Amino acid sequence: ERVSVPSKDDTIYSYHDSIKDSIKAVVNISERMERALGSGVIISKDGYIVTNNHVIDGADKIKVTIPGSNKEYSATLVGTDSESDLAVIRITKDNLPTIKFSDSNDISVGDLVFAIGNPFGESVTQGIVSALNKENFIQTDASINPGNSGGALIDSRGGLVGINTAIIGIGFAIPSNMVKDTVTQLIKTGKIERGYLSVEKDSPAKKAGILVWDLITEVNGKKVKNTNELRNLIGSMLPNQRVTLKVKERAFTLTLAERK
């Protein structure tokens, strides 16, 4: 019968101990005068900060508010891939709190996870990993709100499992591997390299081809029966690459993407 909880009045189940390590990693990236955009996680000890692209898009000037008193460190966009909905910011600042290895593969449905956001003011909302997809997504029931969005979703050891992403109960974060993958890609390459190509009009499928019949079943041998299940597939195939299968078929040499 029953089960557990801490029994005495000595202390009580404050995840605070495990959270506040990574809560320090979560920065506001702008309680009256809250025209703040949302949050971001300082990923680099040195200065780079992951966040959503939607947190930054449109913003003519980014001021990043840190967890060590409200000193708005100014930020330049390291890189913005909206398809991934991630974005990097640098602030010129010290050995800042880093993110962590949360292997997005290693996390599973029911992993205690905390969406830490900074919408000022640290803000942690707790839930569990609700779902895991591919497109590549953590659904979680830690209140993912735009204030929280771009901040960290973290497993109970404090490790970044996700970077929170606001949308539209169910809250989504971008897997700390898809973040790692694209955040490293963003520190390196300007944005996330991925190439272009029901169908429409542009070059690469015209610059090196001319797709007849409109619906392209497979993409380089891989079947695609789902509307924009190719926007991910063709997106994957790093621009400058060649793609196949046309639907009847033909092969293309594609090119770089765009500013959405």
What about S30, is it under 21 Å from the mean Cα position of the chain (by Cα) and assigned by CATH to the domain that holds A152? no
Filter result for the condition that a residue is out of contact with any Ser or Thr (no Cβ under 8 Å at 6 or more places or on another chain) and of a type in the set (D, E, K, R), over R231, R194: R231
Take segment 156-171 and flag every residue that is buried (at least 24 other Cβ atoms within 10 Å of the Cβ) and over 8 Å from the mean Cα position of the chain (by Cα). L160, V161, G171
Counting only residues that are part of a loop (DSSP other than H, G, I, E, B) and of a type in the set (A, V, I, L, M, F, W, C), segment 225-260 contains a total of 8
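From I42, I89, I62, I49, which residue is outside the structural domain of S149 (by CATH), closer than 18 Å to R157 by Cα and β-branched (V, I, T)?
Only one candidate qualifies: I42.
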How do the pairs read when you match residues in segment 14-32 that are surrounded by 15 or more Cβ atoms within 10 Å (Cβ to Cβ) with residues anywhere that are assigned to a helix (DSSP H, G or I), using Cβ under 9 Å and keeping only pairs 6 or more apart or on different chains? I23/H16; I29/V55; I29/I56
Log entry, pairs with first residue in segment 95-117 being more than 20 Å from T184 (Cα to Cα), second being surrounded by fewer than 13 Cβ atoms within 10 Å (Cβ to Cβ), beta carbons closer than 9 Å, six or more apart or on different chains, reads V109/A131
Residue list for segment 40-93, filter: surrounded by fewer than 24 Cβ atoms within 10 Å (Cβ to Cβ), among the hydrophobic types (A, V, I, L, M, F, W, C) and within 11 Å of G150 (Cβ to Cβ): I56
Any residue at all in segment 194-208 that's on the phi < 0 side of the Ramachandran plot, among the aromatic types (F, W, Y) and out of contact with any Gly (no Cβ under 7 Å at 6 or more places or on another chain)? yes
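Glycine gets a Cβ as well: all are built from the backbone with ideal geometry, and neighbour counts include every protein chain shown. Basis: the model, the stated rules and, where named, an outside source; no laboratory instrument gave them.
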